Structure formats: C-alpha cells, structure tokens
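First, one chain by itself: the form deposited in one PDB entry, in structure tokens.
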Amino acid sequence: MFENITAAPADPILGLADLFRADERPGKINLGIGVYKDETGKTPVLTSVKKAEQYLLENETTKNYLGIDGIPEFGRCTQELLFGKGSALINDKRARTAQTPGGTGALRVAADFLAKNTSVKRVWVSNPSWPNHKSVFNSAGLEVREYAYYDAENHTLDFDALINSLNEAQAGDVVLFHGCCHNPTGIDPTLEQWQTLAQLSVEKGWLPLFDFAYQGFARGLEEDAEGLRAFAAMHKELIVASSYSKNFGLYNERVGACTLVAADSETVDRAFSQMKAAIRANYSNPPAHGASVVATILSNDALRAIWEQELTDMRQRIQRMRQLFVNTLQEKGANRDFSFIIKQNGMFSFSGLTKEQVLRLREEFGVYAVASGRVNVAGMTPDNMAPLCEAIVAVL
C-alpha cells in the first residue's frame, strides 16, 4: 500500500537543472552543473575513450559476468594510480580493490561493509561536504557527524577549527577526507596539514576513508595523491572510494573503485570477502564497459599518453577560468577580493554570494548558481565570462 508515501524532497541541485532548461534567454549561464564542460559548453567523450571503445567493440567476445570485484587489471591499475607504482602497500599485498558503479557505489559498499562487519556508528564528514555523503552513510545506518572545515571569512581552510572538532571523534569512528579538489570549496590541505592529520589520525584511532573523485584536477595525478599517500604510509587500515567519472569523462558508465587496505595480506583478504558479500547483495557484480575502457587506456601506453594530455587540458582549462574570472571581475569592478578563487582547486568553489544574491542572479540575470553560492568554474567560457561578471558586479 503506497498512498501514504511522502514525496521525497526536492533535489538540492537538480531542481536548478530543471529550472534552468525552461528559460527563453540563451544569455543564461548555468554554473550549477557539477560536470566538466569545454570552451564550447559541451561535455565531450574523450578521444582516448572513443579509441578504447572501438578496441572493445573489435575485441570483446562475451558479455559474461565479471567476478564480484570486477576486472583485475582495472584493480591493479587503480591501486598503482592511488598509491604509486612501487608502493609497499601493493608489494606487500595489503590492498584489495572492488570495481564499483561510480564513486557513489564505492561509498555505499564501503558504508554497508562497515555497518555489517565492524562496530562503526559514526562517520565524520566536513562541513561543507558533498551533500550525498550524509545520504549514503545514513542509508547503511551510520550516523554522520561533521567537522569544521571552511572559514567563510578568509575563504580558507580553518585548520584549527578542524582539528578541534575532530577531538570529539572517538577511536574507531570513520573520518571522511576528500583526496583533493574538496567539493564544494576547492580548498585542500597542504601536504604539511595532511601529514599532521595523518599523524593525529593514527594517534586517535580514526579509520580514514578517502573520497577521491578528482584525481588529476588539482595539480597532476601523482601530486593529487600525496595526501592519501601520507595517510597510507602511516596507517595499517584505510578505505578509499575513487571515481573515474570526472577524470575520464565517463560519468554515466558508472566507473569507480572501493579499495580496502588492512595490516597484512591476509586480514585484507578476510575483510575483502565480506566487502564482496556486501556487493553480491546489492548489484551482484559491476558494469564492465566503462571499467574496461579505463583498464585498456591505462595499460596501453599510447592510449594513456593521450588520456593524460586530455586531462591536463581539462585541468588547465579550469585554472584559466578561475584566473579569467578573478580579473574579469576586476575589470567590471566591485569591492571584491575574489583572488581566493585562484587558490582553490578543481571545478567548484563557493563564490561568497548570499542566497539572496544567487536568487537575483537566477531571476534577474539568468545566471544559475547553487544557493550556497557554489559555482562550477568549468561552466565559464571565455565568451560568457563578461555577461557573467557583469551580472555579478551588479548584485554585490
């Protein structure tokens, strides 16, 4: 019987999508998007992945089931990407990877594993964080507490407020860290802050969980991983949920991984069998296409070279738009100090607009941003930059 079923709440970002595509004005700019767009305003499929897909089409002979944890080459390629090509974690075989449906699937199977096999009751998420983090852990019945993160005034990482909230977390509490390109703020810990965090975590008995969705968008693939690697040098156990949605432009093929690391090569196998049991009772075994694309790009040097170039071009495009935004706002002129945008990493940052200012942006100018003032920098193109900055200067 379903007549007393309460409609689910209006989706905190998709509402803007539907609202946007009902405006009769092409001067309208949607900076609320969440996905990368190139200078043309389009989300292309990469050249390297169309090459990989022609290859798969020429060479696949069966669509028979992958094992629960997916394609093995995909697994070894992702823990080399994560941990570095000769890491002790990999040589001692203390990491196991399950291929999952995107980074969100990786977080739900991590959550289900934890809820069914360990005694964790709370996951600490930054304030702010990606909003679907609360939903994911709560559906497995983990409670979500949040730690201080953002300084709204200097638009930076309030590190002392952050370590001071974390002293409320007990041993065996899970603390979620964004690997790089913190969503929504774009502020990430410096390597020195990652190390003190790696060290305080070990002392206090935090189980670290990295949400690593943007490898390659802050600085480069290896550099973006130095934070996770600092925890991994120091921790016997950790979980990283990574996603290939954004750095391979493979969003809708759902390709991600859930890597479990344990003290040794044998407790990780014992724990991984239950992670596998958690996957079997959810979607059974993972979608092969997008993970086969990633595995064949990364293991083929000609293809990986091309991918790498397509990714530093996406990274550079975003860094150019953060730069063009800050001084185009300084040509259109307002009491501002939007330069903090040049310090933030990846596609998102809080613009510092009030909810009323984003409201007259949507309403009076057709500039759509998320009510928190979060803007997706990749929705800026050299051509739409000047109408955007005008609209913004006119509401400040």
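Each residue number is its position in the shown sequence, starting from 1. Take the two forms, find the largest set of C-alpha atoms that superpose within 1.5 Å, and that set is the rigid core.
This protein has a second form, the form deposited in another entry, left out of what is shown; the following refers to that one.
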Would you say residue 54 moves its Cα by 2 Å or more between the shown form and the other one, aligning on the core?
no
Threshold 2 Å Cα movement between the shown form and the other one for residue 27, core superposed
yes
Superposing on the rigid core, does the Cα of residue 45 end up 2 Å or more away between the shown form and the other one?
no
